[PDB]
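Enquirer: Before I ask anything, let me first share the structure, which is written out below as structure tokens.
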Amino acid sequence: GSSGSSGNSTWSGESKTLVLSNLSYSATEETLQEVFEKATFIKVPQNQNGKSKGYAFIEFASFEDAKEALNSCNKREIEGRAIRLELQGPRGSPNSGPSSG
């Protein structure tokens with residue numbers, strides 16, 4: 001959390017469910033099933049018409065696999081649209097550090 005892109009950081013927590021965002025309507029569970037092979041289950045919420053709300057819910061065996069794909073898949077260009085992945089769950093927090101000991 002800051003005013004600038006940092007990258008993949010080790011958050012104090014573990015989640016087997018990955019939160020996909022920036023999904024294209026043209027993209028469906030089918031396309032996702034290709035990007036995530038370890039994904040034990042893929043969910044893509046669409047609209048009454050058939051348009052992806054703009055996000056998705058990926059499921060894995062554990063925080064192990066989920067992170068394995070979330071580390072790479074991160075910012076995956078699908079159907080001409082960059083998709084982001086974030087470990088679903090609570091909002092963790094870093095540990096202050098004024099002076100190292």
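FYI the Cβ positions are ideal-geometry reconstructions off the backbone, even for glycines, and counts take in every protein chain you see. Taken together, the values in this text are just the output of simple stated rules run on the coordinates, not laboratory data.
Enquirer: Taking only segment 70-87 into account, find how many residues are on the phi < 0 side of the Ramachandran plot and either in contact with a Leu (Cβ under 7 Å, 6 or more places away or on another chain) or of a type in the set (D, E, K, R) (or both).
Expert: 11
Enquirer: Looking at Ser15, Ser24, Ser6, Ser52 in this structure, which one is farther than 13 Å from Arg84 by Cβ and in contact with a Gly (Cβ under 9 Å, 6 or more places away or on another chain)? Steps first, please.
Expert: Working: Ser24 fails: farther than 13 Å from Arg84 by Cβ; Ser6 fails: in contact with a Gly (Cβ under 9 Å, 6 or more places away or on another chain); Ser52 fails: in contact with a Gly (Cβ under 9 Å, 6 or more places away or on another chain).
Residue meeting the stated conditions: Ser15.
Enquirer: Among the residues of segment 12-34, write down those that are over 22 Å from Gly89 (Cα atoms) and in contact (Cβ under 8 Å) with a residue 12 or more places away in the chain.
Expert: Correct list: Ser24, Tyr25, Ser26, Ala27, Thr28, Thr31.
Enquirer: Name the single residue that is nearest to the chain's Cα centre (by Cα) among those in segment 37-48 being surrounded by fewer than 17 Cβ atoms within 10 Å (Cβ to Cβ) and closer than 17 Å to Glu79 by Cβ.
Expert: Quick first cut of segment 37-48, residues surrounded by fewer than 17 Cβ atoms within 10 Å (Cβ to Cβ) only: 37-38, 40-41, 43, 45-48.
Filter once more, keeping what is closer than 17 Å to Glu79 by Cβ: 45-47.
Working: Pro45: 15, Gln46: 17, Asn47: 20 Å.
Residue satisfying both the conditions and the ranking: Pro45.
Enquirer: Still on this structure, I have one more. Quick one: in segment 20-36, of everything that is of a type outside the set (S, T, N, Q) and assigned to a helix (DSSP H, G or I), which residue is surrounded by the most Cβ atoms within 10 Å (Cβ to Cβ)?
Expert: Residue satisfying both the conditions and the ranking: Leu32.
Enquirer: A further question follows. How about segment 42-83: which of its residues are in contact (Cβ under 8 Å) with a residue 40 or more places away in the chain and among the hydroxyl-bearing types (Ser, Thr, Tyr)?
Expert: Answer for segment 42-83, where residues must be in contact (Cβ under 8 Å) with a residue 40 or more places away in the chain and among the hydroxyl-bearing types (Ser, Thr, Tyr): just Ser62.
Enquirer: When residues of segment 27-49 are filtered for being farther than 14 Å from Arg81 by Cα and either charged (D, E, K, R) or in contact with an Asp or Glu (Cβ under 7 Å, 6 or more places away or on another chain) (or both), how many remain? Give the derivation first.
Expert: Narrowing segment 27-49 to residues farther than 14 Å from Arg81 by Cα: 29-30, 33-34, 36-49.
Filter once more, so that each one left must be either charged (D, E, K, R) or in contact with an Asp or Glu (Cβ under 7 Å, 6 or more places away or on another chain) (or both): 29-30, 34, 37-44.
Qualifying residue count for the region: 11.
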